[PDB]
Amino acid sequence: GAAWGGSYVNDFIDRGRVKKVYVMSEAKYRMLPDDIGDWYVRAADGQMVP
Amino acid sequence: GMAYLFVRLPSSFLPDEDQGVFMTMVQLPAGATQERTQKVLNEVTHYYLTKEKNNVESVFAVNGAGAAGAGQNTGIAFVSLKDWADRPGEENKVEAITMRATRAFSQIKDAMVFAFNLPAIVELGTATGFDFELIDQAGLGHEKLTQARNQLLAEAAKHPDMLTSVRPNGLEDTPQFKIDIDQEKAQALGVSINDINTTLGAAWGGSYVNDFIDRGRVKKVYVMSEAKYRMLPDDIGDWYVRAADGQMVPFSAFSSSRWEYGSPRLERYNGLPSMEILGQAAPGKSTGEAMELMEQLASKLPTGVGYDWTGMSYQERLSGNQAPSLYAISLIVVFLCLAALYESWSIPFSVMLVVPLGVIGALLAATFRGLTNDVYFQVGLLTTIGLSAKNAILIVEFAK
Amino acid sequence: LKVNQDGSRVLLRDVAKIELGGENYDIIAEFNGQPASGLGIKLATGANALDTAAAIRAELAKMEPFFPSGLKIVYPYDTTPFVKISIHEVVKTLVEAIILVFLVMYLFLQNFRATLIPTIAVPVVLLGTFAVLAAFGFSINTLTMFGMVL
Amino acid sequence: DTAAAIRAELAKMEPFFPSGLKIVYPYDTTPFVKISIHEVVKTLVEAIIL
Amino acid sequence: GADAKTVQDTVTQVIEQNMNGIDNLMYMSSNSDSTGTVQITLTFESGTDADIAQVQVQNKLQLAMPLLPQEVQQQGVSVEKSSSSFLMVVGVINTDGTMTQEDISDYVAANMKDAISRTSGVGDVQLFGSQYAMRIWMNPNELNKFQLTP
Amino acid sequence: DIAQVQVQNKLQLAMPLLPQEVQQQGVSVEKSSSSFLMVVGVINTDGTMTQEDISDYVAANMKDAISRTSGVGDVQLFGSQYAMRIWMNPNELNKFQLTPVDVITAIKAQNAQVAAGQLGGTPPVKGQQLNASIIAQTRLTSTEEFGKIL
Amino acid sequence: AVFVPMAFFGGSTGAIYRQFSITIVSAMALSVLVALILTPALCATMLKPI
């Protein structure tokens with residue numbers, strides 16, 4: 001969800017005005033359906049599954 | 001002489017009364033402990049209680065609020081007086097009393113004490129000069145708005161001819177205590193930043209946990225270190241957090257501290273960082289040109305600082321704006337109905353001339369009483385001209 | 001709070017004072033420097049006159065007898081009997097105008113009938129006015145009564 | 001009303017704007033309502049002298 | 001427990017952004033205290049509807065309430081509409097000495113304020129003192145003795 | 001106006017049954033025509049700013065104020081205010097055995113504001129002189145700052 | 001005619017000018033009506049022959 005769709009995390013301050021902080025993969029990893037394979041999650045032991 | 005009596009005569013909005021009660025303001029430096037404030041409240045009370053028994057009935061005094069805000073250095077008195085028939089004289093009316101009080105308090109060192117009468121009614125404090133506000137119109141911060149407001153505060157208290165008592169209304173950049181959690185020492189020592197910040201916040205600032213029940217009524221449960229561990233900056237070292245392994249680190253390890261500076265009553269007006277400004281015109285001058293002078297002194301200020309009038313300066317009030325326009329179209333309506341009753345155009349002028357003969361003895365009463373042209377007066381004036389109208393109207397309607 | 005390898009018990013009171021205290025400890029009031037709490041009471045835009053001020057004494061008459069030993073009110077602040085000797089000393093003035101004019105009348109219309117004529121003519125024309133005042137929303141304030149005086 | 005208010009808030013903003021920042025007004029159901037009513041005064045006048 | 005700025009960014013700023021399309025308004029005054037308080041006042045035309053002007057804000061106050069700290073709506077936000085001038089102040093004094101001031105404050109806060117405040121037209125009651133509250137005053141020497149934090 | 005809140009009574013008869021994710025953003029409730037009134041465009045003339053800058057300058061200096069003016073029932077911005085953008089790389093996230101979660105959490109961790117009481121606050125030990133606020137972890141303000149997160 | 005255009009108008013201030021214009025034009029009409037209702041009548045039944 002965060003990778004492909006972004007995520008609003010918390011807010012920051014930008015010259016005495018509060019604004020957002022979003023987090024989201026570079027566009028070089030979400031254009032193609034093959035790019036799902038490039039993503040790794042850390043399994044309970046320690047190893048990372050794609 | 002009518003017109004001249006009319007412009008030599010000053011202009012109130014509504015007379016203050018002796019409303020039976022009045023108040024007193026107490027403001028210390030900061031940080032200033034609560035106890036010090038209490039010392040000065042004891043003083044102030046000792047006055048209204050020893051040096052005024054014949055007039056005072058009750059002083060209700062409160063360490064903890066002000067008409068600016070809460071603070072340990074905020075203090076206020078609620079004074080009620082013995083009945084009017086029981087203090088006969090001017091010596092014993094609000095004016096003289098709050099006067100000699102303010103004059104007497106004047107004394108106290110490092111304690112700003114001033115006592116005042118309640119300005120007439122409700123939140124109709126829309127008199128007494130002005131209320132000016134600087135506006136951070138760019139990205140400037142608190143520093144540059146401090147300094148810019150100082151440039152103003154400065155350059156205007158060097159014009160004591162149509163502008164005086166020019167101070168900020170707020171509270172003042174008291175020093176603060178910075179704590180710095182170098183995060184890496186916290187991960188390396190195995191301590192939850194959550195745990196750190198939690199314990200710091202609860203220890204030194206309290207924490208509402210959940211609610212309990214106290215004789216069939218629900219109330220709070222707070223949690224907070226004994227006062228013997230939060231008076232001194234050294235006491236941060238006495239606090240331990242349980243590291244991930246099991247060992248307990250003191251803050252001494254992963255924190256670094258130091259003193260700094262910054263406001264305790266940050267202000268905004270209409271979105272942006274603002275600071276609000278106070279004071280009057282100057283004993284021969286009106287609020288209007290005073291305002292202009294402020295608008296002009298403001299002009300010479302750094303790029304990005306704007307200004308705005310709120311409060312009593314938004315509105316602007318009464319006689320001198322468009323109230324003689326009211327007297328005027330009222331007069332036009334009158335000469336109209338008189339051209340209706342006489343069916344002339346001249347003949348009503350025999351009743352128009354009847355007017356100055358009344359404003360003359362009105363205005364006379366005014367300046368010769370120390371009094372001054374206000375709402376009460378102006379309705380007296382209206383009534384005047386209306387009655388004289390009646391008189392003349394009847395004589396000439398008789399004659400024709 | 002925790003039990004030990006010792007088998008020892010650690011209780012809350014073992015690491016803290018427990019005590020019925022206050023949510024906040026920054027408000028300390030006194031009345032003639034005797035300690036004393038109270039209520040400071042505000043008014044909601046569009047209110048409602050000596051109404052609300054009577055209502056206070058409602059809710060409170062309702063409270064005075066379940067109060068503990070030696071708990072007694074005082075009233076250190078009152079924009080109330082101001083609004084009460086304000087309006088009173090207007091009735092007074094109306095009255096005064098009436099008899100003063102009764103006697104200025106008597107000094108020219110030297111008979112108790114011609115004199116009693118503009119007498120009756122005065123309350124009527126007042127009284128009525130209040131009826132018209134209700135009829136447009138204006139209440140018997142200080143200003144209204146000064147209207148009735150001028 | 002509201003259309004004047006816009007030019008209120010904005011007259012209030014025009015001078016703290018950065019270098020080379022300038023408005024334009026690509027849309028305006030305003031001076032329509034302004035030559036509408038004007039060309040009515042005109043007609044009233046005309047009826048009168050005719 | 002908050003500092004001015006902490007509050008100012010975290011709360012004040014974050015309501016202010018979300019205050020709009022509230023009718024007939026003139027301006028928005030915004031204080032932010034080192035006692036961890038904030039306060040925001042909106043002003044409307046003279047003669048304007050107190051009540052609609054009253055919620056219209058709080059439509060918006062809860063267009064943001066889930067963007068405030070847990071810690072802040074655990075306490076809870078209030079929304080008044082009221083004069084700043086009091087009306088009266090009623091003080092409570094015990095006469096024998098049988099109760100301190102904190103007791104008195106509590107007895108009122110738990111028997112008197114609720115009821116008075118519940119009466120119409122009474123737009124804010126400010127208590128001079130504080131209702132009770134269970135107070136757990138922790139000791140650090142003894143917390144660490146048993147390897148415990150807050 | 002009544003038709004306006006009457007909905008939002010109900011909108012918050014359900015708001016806690018919507019995602020965290022959805023009232024983190026926040027729900028809005030307008031009452032307004034769909035036809036615009038005017039559209040005011042902002043263009044830089046030298047080229048000194050892109051469109052994203054322009055959009056931001058307005059979103060942070062112009063929209064708030066215009067929108068705060070009565071009768072203005074919805075402002076739709078043509079662009080978007082700024083926002084700190086952390087564009088993650090997956091090759092490098094897995095290189096260090098990291099997912100997104102760890103980024104998310106290092107951020108809630110290191111970009112925040114905490115509230116941490118005072119020095120010599122109430123209640124105090126009698127005989128104290130000093131009374132100041134404590135300041136702690138305070139929000140971030142620069143890109144670099146976000147860069148150097150641990 | 002003297003009292004009415006004082007109910008006009010502006011501010012926090014003019015509120016008060018309403019509080020008299022009305023309160024006194026009222027007594028006007030009441031007085032002058034009485035003046036042709038009650039006064040002439042009671043100045044007929046109660047005056048003593050000259």
# chains A, B, ... in the order shown; residues from 1 in each chain; ligands from 1

call {"tool": "residues_around", "arguments": {"residues": "residue E:137", "least_positions_apart": "3", "cutoff": "6 Å", "atoms": "only C-alpha atoms", "output": "PyMOL selection string"}}
result
(chain B and resi 224-226) or (chain C and resi 16-17)

call {"tool": "closest_atom_pairs", "arguments": {"of": "chain A", "to": "chain B", "cutoff": "9 Å", "atoms": "only C-alpha atoms", "output": "tab-separated table"}}
result
residue	atom	partner	partner_atom	distance
A:14	CA	B:139	CA	8.6
A:15	CA	B:139	CA	5.0
A:16	CA	B:139	CA	6.3
A:17	CA	B:272	CA	8.5

call {"tool": "residues_around", "arguments": {"residues": "residue C:1", "least_positions_apart": "5", "cutoff": "12 Å", "atoms": "only C-alpha atoms", "output": "MDAnalysis selection string"}}
result
(chainID C and resid 8:16) or (chainID E and resid 143 146:150)

call {"tool": "residues_around", "arguments": {"residues": "residue G:26", "least_positions_apart": "4", "cutoff": "8 Å", "atoms": "only C-alpha atoms", "output": "list in words"}}
result
residues 129 and 132 of chain C; 22 and 30 of chain G

call {"tool": "closest_residue", "arguments": {"among": "E:45, E:114, E:16, E:23", "to": "chain D", "atoms": "only C-alpha atoms"}}
result
E:23

call {"tool": "residues_around", "arguments": {"residues": "residue G:17", "least_positions_apart": "5", "cutoff": "10 Å", "atoms": "only C-alpha atoms", "output": "PyMOL selection string"}}
result
(chain B and resi 375-376+378-379) or (chain C and resi 143) or (chain G and resi 3-10+22-23)

call {"tool": "atom_distance", "arguments": {"atom1": "atom CA of residue C:75", "atom2": "atom CA of residue E:39"}}
result
29.1 Å

call {"tool": "residues_around", "arguments": {"residues": "stretch 136-141 of chain C", "least_positions_apart": "4", "cutoff": "12 Å", "atoms": "only C-alpha atoms", "output": "NGL selection string"}}
result
(:C and (48-50 or 82-88 or 90-91 or 127 or 129-132 or 145-148)) or (:G and (15-16 or 18-23 or 26))

call {"tool": "interface_residues", "arguments": {"of": "chain B", "to": "chain D", "cutoff": "9 Å", "atoms": "only C-alpha atoms", "output": "CSV table (one decimal) with C-alpha atoms, in the first residue's frame"}}
result
chain,number,residue,atom,x,y,z
B,137,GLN,CA,3.5,38.2,6.0
B,138,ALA,CA,6.4,35.9,4.9
B,303,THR,CA,10.3,43.5,3.9
B,304,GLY,CA,7.6,41.0,4.8
B,305,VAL,CA,6.0,42.7,7.8
B,306,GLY,CA,2.4,43.8,7.4

call {"tool": "interface_residues", "arguments": {"of": "chain D", "to": "chain F", "cutoff": "6 Å", "atoms": "only C-alpha atoms", "output": "list in words"}}
result
residues 20, 21, 22, 23, 24, 25, 27 and 28 of chain D

call {"tool": "write_last_selection", "arguments": {"atoms": "C-alpha atoms", "output": "CSV table (one decimal), in the first residue's frame"}}
result
chain,number,residue,atom,x,y,z
D,20,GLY,CA,7.8,38.4,-10.9
D,21,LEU,CA,4.7,36.9,-9.4
D,22,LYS,CA,1.6,38.4,-11.2
D,23,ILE,CA,-2.1,37.6,-11.3
D,24,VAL,CA,-4.4,37.2,-14.3
D,25,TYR,CA,-8.2,36.9,-14.4
D,27,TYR,CA,-12.6,33.8,-15.7
D,28,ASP,CA,-15.3,36.4,-14.8

call {"tool": "interface_residues", "arguments": {"of": "chain B", "to": "chain F", "cutoff": "8 Å", "atoms": "only C-alpha atoms", "output": "PyMOL selection string"}}
result
chain B and resi 30-33+35+174-181+183-184+193+197+200-202+204-206+227-228+230-233+270-271

call {"tool": "select_by_dssp", "arguments": {"residues": "chain E", "states": "helix (DSSP H, G or I)", "output": "MDAnalysis selection string"}}
result
chainID E and resid 4:16 52:61 65:67 70:75 101:111 113:118 140:145

call {"tool": "closest_atom_pairs", "arguments": {"of": "chain A", "to": "chain F", "cutoff": "7 Å", "atoms": "only C-alpha atoms", "output": "Markdown table"}}
result
| residue | atom | partner | partner_atom | distance |
| --- | --- | --- | --- | --- |
| A:9 | CA | F:104 | CA | 6.6 |
| A:10 | CA | F:108 | CA | 6.7 |
| A:12 | CA | F:140 | CA | 5.8 |
| A:13 | CA | F:141 | CA | 5.3 |
| A:14 | CA | F:141 | CA | 5.6 |
| A:19 | CA | F:83 | CA | 5.7 |
| A:20 | CA | F:83 | CA | 4.8 |
| A:21 | CA | F:84 | CA | 4.7 |
| A:22 | CA | F:85 | CA | 5.3 |
| A:23 | CA | F:86 | CA | 4.8 |
| A:24 | CA | F:87 | CA | 5.0 |
| A:25 | CA | F:88 | CA | 4.2 |
| A:26 | CA | F:87 | CA | 4.7 |
| A:38 | CA | F:90 | CA | 6.9 |
| A:39 | CA | F:90 | CA | 6.0 |
| A:40 | CA | F:94 | CA | 6.1 |
| A:41 | CA | F:99 | CA | 5.6 |
| A:42 | CA | F:99 | CA | 6.6 |
| A:48 | CA | F:97 | CA | 6.7 |

call {"tool": "write_last_selection", "arguments": {"atoms": "C-alpha atoms", "output": "PDB file, in the first residue's frame"}}
result
ATOM      1  CA  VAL A   9       2.921   9.542   7.832  1.00  0.00           C
ATOM      2  CA  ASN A  10       2.964  12.676   9.958  1.00  0.00           C
ATOM      3  CA  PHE A  12       6.264  18.715   9.326  1.00  0.00           C
ATOM      4  CA  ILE A  13       6.750  22.479   9.455  1.00  0.00           C
ATOM      5  CA  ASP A  14       7.815  24.572   6.487  1.00  0.00           C
ATOM      6  CA  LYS A  19       2.522  20.570   5.901  1.00  0.00           C
ATOM      7  CA  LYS A  20       2.526  16.809   5.152  1.00  0.00           C
ATOM      8  CA  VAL A  21       5.142  14.043   4.995  1.00  0.00           C
ATOM      9  CA  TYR A  22       4.430  11.357   2.413  1.00  0.00           C
ATOM     10  CA  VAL A  23       6.307   8.194   1.682  1.00  0.00           C
ATOM     11  CA  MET A  24       6.321   6.303  -1.508  1.00  0.00           C
ATOM     12  CA  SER A  25       8.535   4.444  -3.899  1.00  0.00           C
ATOM     13  CA  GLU A  26      10.424   6.218  -6.598  1.00  0.00           C
ATOM     14  CA  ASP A  38      11.238  -6.280  -6.877  1.00  0.00           C
ATOM     15  CA  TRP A  39       9.737  -5.782  -3.399  1.00  0.00           C
ATOM     16  CA  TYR A  40      10.982  -7.452  -0.263  1.00  0.00           C
ATOM     17  CA  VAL A  41       9.404  -7.998   3.130  1.00  0.00           C
ATOM     18  CA  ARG A  42      11.384  -9.081   6.207  1.00  0.00           C
ATOM     19  CA  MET A  48      13.594 -11.190   3.341  1.00  0.00           C
TER      20      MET A  48
END

call {"tool": "residues_around", "arguments": {"residues": "residue B:342", "least_positions_apart": "3", "cutoff": "12 Å", "atoms": "only C-alpha atoms", "output": "list in words"}}
result
residues 335, 336, 337, 338, 339, 345, 346, 347, 348, 349, 350, 351, 393, 394, 396, 397, 398, 399 and 400 of chain B

call {"tool": "write_last_selection", "arguments": {"atoms": "N, CA, C and O atoms", "output": "mmCIF file, in the first residue's frame"}}
result
data_model
loop_
_atom_site.group_PDB
_atom_site.id
_atom_site.type_symbol
_atom_site.label_atom_id
_atom_site.label_comp_id
_atom_site.auth_asym_id
_atom_site.auth_seq_id
_atom_site.Cartn_x
_atom_site.Cartn_y
_atom_site.Cartn_z
ATOM 1 N N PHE B 335 -37.137 70.443 7.770
ATOM 2 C CA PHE B 335 -37.481 71.554 6.881
ATOM 3 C C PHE B 335 -38.476 71.102 5.829
ATOM 4 O O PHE B 335 -39.292 71.895 5.362
ATOM 5 N N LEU B 336 -38.392 69.831 5.442
ATOM 6 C CA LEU B 336 -39.415 69.263 4.575
ATOM 7 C C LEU B 336 -40.795 69.355 5.229
ATOM 8 O O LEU B 336 -41.691 70.033 4.712
ATOM 9 N N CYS B 337 -40.969 68.707 6.377
ATOM 10 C CA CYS B 337 -42.276 68.748 7.041
ATOM 11 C C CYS B 337 -42.757 70.174 7.396
ATOM 12 O O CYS B 337 -43.961 70.419 7.524
ATOM 13 N N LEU B 338 -41.814 71.104 7.539
ATOM 14 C CA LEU B 338 -42.129 72.511 7.801
ATOM 15 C C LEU B 338 -42.558 73.259 6.537
ATOM 16 O O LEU B 338 -43.317 74.234 6.604
ATOM 17 N N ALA B 339 -42.057 72.806 5.390
ATOM 18 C CA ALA B 339 -42.533 73.302 4.104
ATOM 19 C C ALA B 339 -43.872 72.645 3.787
ATOM 20 O O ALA B 339 -44.602 73.097 2.905
ATOM 21 N N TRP B 345 -41.453 78.316 1.705
ATOM 22 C CA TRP B 345 -40.101 77.770 1.618
ATOM 23 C C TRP B 345 -39.224 78.654 2.476
ATOM 24 O O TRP B 345 -38.164 78.241 2.953
ATOM 25 N N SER B 346 -39.693 79.887 2.649
ATOM 26 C CA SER B 346 -39.075 80.856 3.540
ATOM 27 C C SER B 346 -39.516 80.556 4.966
ATOM 28 O O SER B 346 -38.707 80.164 5.803
ATOM 29 N N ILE B 347 -40.816 80.718 5.209
ATOM 30 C CA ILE B 347 -41.434 80.587 6.539
ATOM 31 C C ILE B 347 -40.876 79.509 7.504
ATOM 32 O O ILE B 347 -40.713 79.774 8.702
ATOM 33 N N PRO B 348 -40.581 78.297 6.997
ATOM 34 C CA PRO B 348 -39.847 77.377 7.865
ATOM 35 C C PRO B 348 -38.489 77.931 8.322
ATOM 36 O O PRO B 348 -38.058 77.575 9.418
ATOM 37 N N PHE B 349 -37.841 78.789 7.531
ATOM 38 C CA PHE B 349 -36.553 79.387 7.940
ATOM 39 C C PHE B 349 -36.675 80.301 9.155
ATOM 40 O O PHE B 349 -35.671 80.707 9.742
ATOM 41 N N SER B 350 -37.909 80.639 9.510
ATOM 42 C CA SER B 350 -38.165 81.378 10.731
ATOM 43 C C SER B 350 -38.093 80.411 11.911
ATOM 44 O O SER B 350 -38.006 80.821 13.067
ATOM 45 N N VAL B 351 -38.122 79.120 11.593
ATOM 46 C CA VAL B 351 -38.070 78.066 12.594
ATOM 47 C C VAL B 351 -36.752 77.314 12.500
ATOM 48 O O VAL B 351 -36.443 76.492 13.350
ATOM 49 N N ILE B 393 -42.264 77.048 16.055
ATOM 50 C CA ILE B 393 -43.385 76.487 15.299
ATOM 51 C C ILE B 393 -44.720 76.995 15.810
ATOM 52 O O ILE B 393 -45.524 77.503 15.037
ATOM 53 N N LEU B 394 -44.948 76.874 17.116
ATOM 54 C CA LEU B 394 -46.212 77.328 17.692
ATOM 55 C C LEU B 394 -46.415 78.851 17.661
ATOM 56 O O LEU B 394 -47.521 79.320 17.372
ATOM 57 N N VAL B 396 -45.108 81.080 15.407
ATOM 58 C CA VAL B 396 -45.290 81.531 14.027
ATOM 59 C C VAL B 396 -46.520 80.918 13.339
ATOM 60 O O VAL B 396 -47.152 81.561 12.508
ATOM 61 N N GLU B 397 -46.864 79.682 13.688
ATOM 62 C CA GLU B 397 -48.109 79.078 13.224
ATOM 63 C C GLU B 397 -49.262 79.853 13.832
ATOM 64 O O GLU B 397 -50.341 79.938 13.252
ATOM 65 N N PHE B 398 -49.033 80.401 15.021
ATOM 66 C CA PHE B 398 -50.002 81.315 15.610
ATOM 67 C C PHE B 398 -50.073 82.606 14.799
ATOM 68 O O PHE B 398 -51.160 83.090 14.497
ATOM 69 N N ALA B 399 -48.909 83.142 14.430
ATOM 70 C CA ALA B 399 -48.814 84.457 13.778
ATOM 71 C C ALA B 399 -49.355 84.495 12.350
ATOM 72 O O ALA B 399 -49.850 85.522 11.892
ATOM 73 N N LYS B 400 -49.246 83.372 11.652
ATOM 74 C CA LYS B 400 -49.646 83.297 10.254
ATOM 75 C C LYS B 400 -51.108 82.872 10.115
ATOM 76 O O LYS B 400 -51.717 83.042 9.062
#

call {"tool": "atom_distance", "arguments": {"atom1": "atom CA of residue E:30", "atom2": "atom CA of residue E:65"}}
result
17.3 Å

call {"tool": "interface_residues", "arguments": {"of": "chain B", "to": "chain C", "cutoff": "10 Å", "atoms": "only C-alpha atoms", "output": "VMD selection string"}}
result
chain B and resid 17 to 22 34 38 41 to 42 45 to 46 48 to 49 57 to 65 70 to 72 76 to 81 121 to 122 206 208 214 219 to 226 376 379 to 380 383

call {"tool": "atom_distance", "arguments": {"atom1": "atom CA of residue B:243", "atom2": "atom CA of residue E:70"}}
result
25.6 Å

call {"tool": "decode", "arguments": {"residues": "stretch 64-127 of chain E", "atoms": "C-alpha atoms", "output": "compact mmCIF listing (two decimals), in the first residue's frame"}}
result
# COMPACT_ATOMS: atom_id res chain seq x y z
CA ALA E 64 -9.51 18.06 12.16
CA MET E 65 -10.08 16.60 15.63
CA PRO E 66 -8.53 13.27 14.60
CA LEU E 67 -5.39 15.18 13.55
CA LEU E 68 -4.79 16.41 17.09
CA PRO E 69 -2.83 14.36 19.63
CA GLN E 70 -4.36 11.49 21.49
CA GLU E 71 -3.28 13.43 24.52
CA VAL E 72 -5.33 16.49 23.54
CA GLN E 73 -8.79 14.98 22.77
CA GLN E 74 -8.29 12.65 25.74
CA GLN E 75 -8.69 15.91 27.70
CA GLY E 76 -11.14 17.25 25.15
CA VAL E 77 -11.76 20.44 23.21
CA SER E 78 -14.37 23.03 24.27
CA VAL E 79 -16.35 25.53 22.14
CA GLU E 80 -17.92 28.58 23.88
CA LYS E 81 -19.75 31.73 22.75
CA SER E 82 -19.65 34.29 25.51
CA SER E 83 -18.65 37.71 26.89
CA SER E 84 -15.19 38.02 28.53
CA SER E 85 -16.54 40.25 31.25
CA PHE E 86 -17.85 38.11 34.15
CA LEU E 87 -21.38 38.74 35.54
CA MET E 88 -20.78 37.88 39.16
CA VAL E 89 -18.39 35.85 41.23
CA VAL E 90 -19.70 33.77 44.03
CA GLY E 91 -17.20 32.77 46.68
CA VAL E 92 -17.43 29.86 49.09
CA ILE E 93 -15.77 30.08 52.55
CA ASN E 94 -15.87 27.58 55.41
CA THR E 95 -16.30 29.32 58.72
CA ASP E 96 -14.98 27.03 61.53
CA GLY E 97 -11.86 26.07 59.54
CA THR E 98 -13.17 22.49 59.19
CA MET E 99 -12.05 22.42 55.49
CA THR E 100 -9.02 23.65 53.54
CA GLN E 101 -9.37 25.45 50.19
CA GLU E 102 -8.77 22.30 48.08
CA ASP E 103 -11.67 20.59 49.82
CA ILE E 104 -13.90 23.58 49.22
CA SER E 105 -12.92 23.72 45.58
CA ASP E 106 -13.70 20.02 45.29
CA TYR E 107 -17.05 20.21 47.03
CA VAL E 108 -18.11 22.88 44.63
CA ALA E 109 -16.59 21.20 41.58
CA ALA E 110 -18.54 18.11 42.42
CA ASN E 111 -21.75 19.67 43.77
CA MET E 112 -22.10 23.23 42.61
CA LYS E 113 -20.45 23.91 39.23
CA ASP E 114 -22.20 21.19 37.25
CA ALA E 115 -25.71 22.50 38.14
CA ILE E 116 -25.02 26.27 37.80
CA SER E 117 -23.32 25.59 34.47
CA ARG E 118 -26.27 23.53 33.29
CA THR E 119 -28.52 26.60 33.53
CA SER E 120 -29.22 28.35 30.15
CA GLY E 121 -27.50 31.61 29.09
CA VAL E 122 -24.48 30.70 31.28
CA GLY E 123 -21.78 30.61 28.57
CA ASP E 124 -18.74 29.64 30.66
CA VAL E 125 -18.11 28.87 34.32
CA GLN E 126 -14.46 29.32 35.38
CA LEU E 127 -13.74 27.51 38.66
